[PDB]
Amino acid sequence: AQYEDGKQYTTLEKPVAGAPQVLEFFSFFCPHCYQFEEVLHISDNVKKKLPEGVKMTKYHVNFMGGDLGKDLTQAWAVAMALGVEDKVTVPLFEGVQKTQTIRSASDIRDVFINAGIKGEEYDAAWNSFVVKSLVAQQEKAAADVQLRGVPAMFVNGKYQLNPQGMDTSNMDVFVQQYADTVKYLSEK
Ligand SMILES: Cc1cc(Oc2ccc(CC(=O)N3CCOC[C@@H]3C(=O)O)cc2)ccc1C#N
């Protein structure tokens with residue numbers, strides 16, 4: 001009886017039909033999202049425990065960081081559109097939260113150019129139909145789960161992880177219990 005509704009996860013009243021199998025929401029302003037990236041590597045360690053063909057999806061949210069929240073969601077869409085997530089994720093986290101040198105859309109663009117993306121290609125992607133559509137998709141997904149805070153992870157649009165119901169005294173025990181819950185829920 002280890003896994004129970006209300007302990008390591010909760011159940012959505014209205015499951016999201018057609019949701020991605022494993023969906024993470026984050027913000028570059030979000031302090032625990034910073035640790036999920038740099039210190040715990042939650043996404044990498046969850047991926048390791050899932051079966052060969054379970055796709056993970058990660059979306060940025062609007063509701064932290066004021067005006068910059070939307071600029072970052074659109075920049076994350078550009079990152080997804082170019083496949084450069086791994087080249088920009090750490091510099092964006094650190095520019096936002098560590099050095100606090102990301103204060104405008106132009107500062108975000110600077111991170112991409114310094115990471116090797118040509119400015120013209122960043123701008124074309126930024127203004128593209130693909131990126132406009134990715135932005136809407138990220139917003140709909142947050143609305144479909146009534147998202148109120150990050151970090152958050154949802155499994156098959158039906159179950160939401162509850163990290164506060166896990167053991168948080170040890171980083172690596174926490175990561176193990178978290179990943180193991182995702183695996184359990186994907187098989188339900
Ligand atoms: C070892 C370790 C454990 C952790 O355990 C967590 C504790 C809390 C959360 C939730 C959270 O940040 N929020 C804010 C937005 O709304 C939802 C939720 C809330 O507070 O309701 C997530 C994980 C976090 C960091 C480390 C490290 N190093």
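Ligands are counted one by one from 1 in listed order, and the atoms in each one are counted from 1 as well. For the single chain, residues carry numbers from 1 onward in sequence order.
- Closest to atom 16 (O) of ligand 1 among all protein heavy atoms lies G149 CA, 3.7 Å.
- A side-chain donor from one of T11 and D5 sits under 3.5 Å from a side-chain acceptor of the other.
- Residue contacts with ligand 1, taken as heavy atom pairs separated by less than 4.0 Å, do not involve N170 at all.
- For the residue pair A125 and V131, the shortest heavy atom distance occurs at O-CG2, 3.0 Å.
- If you check which protein heavy atom lies closest to atom 26 (C) of ligand 1, you get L40 CD1, 3.9 Å.
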For this session: For the pair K140 and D144, evaluate salt bridge (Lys or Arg N to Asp or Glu O under 4.0 Å) and give the outcome as yes or no after the intermediate values.
Result: CA-CA 6 Å; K140 183 172 180 292; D144 286 342; 2.9 Å; yes
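- Closest to atom 20 (O) of ligand 1, if we only count protein heavy atoms, is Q164 NE2, 3.5 Å.
- Atoms of ligand 1 lying under 4.0 Å from any heavy atom of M171, numbered from 1 in the order shown and given with element: 1 (C), 28 (N).
- Residue, atom and distance of the protein heavy atom nearest to atom 15 (C) of ligand 1 are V150 O, 3.2 Å.
- Atom CG of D67 sits in a sparse spot, with 12 or fewer heavy atoms from other residues, nucleotides or ligands closer than 6.0 Å.
- The protein non-hydrogen atom at the shortest distance from atom 5 (O) of ligand 1 is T168 CG2, 3.6 Å.
- If you check the side chains of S43 and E24, you find a donor sitting under 3.5 Å from an acceptor.
- Legend: salt bridge (charged side-chain N to carboxylate O under 4.0 Å, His left out) pairs involving residues 178-187, not counting sequence neighbours, sorted by first then second residue: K49-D180, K183-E187.
- Applying the side-chain hydrogen bond (donor to acceptor under 3.5 Å, both in side chains) test between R109 and each of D123, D71, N114 identifies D123 as the sole match.
- From the protein, the heavy atom lying nearest to atom 25 (C) of ligand 1 is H32 CD2, 3.8 Å.
- Ligand-side atoms of ligand 1 in range of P151: 12 (O), range being under 4.0 angstrom from any heavy atom.
- When each atom of ligand 1 is checked for a heavy atom of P163 under 4.0 Å away, the hits are 22 (C), 23 (C).
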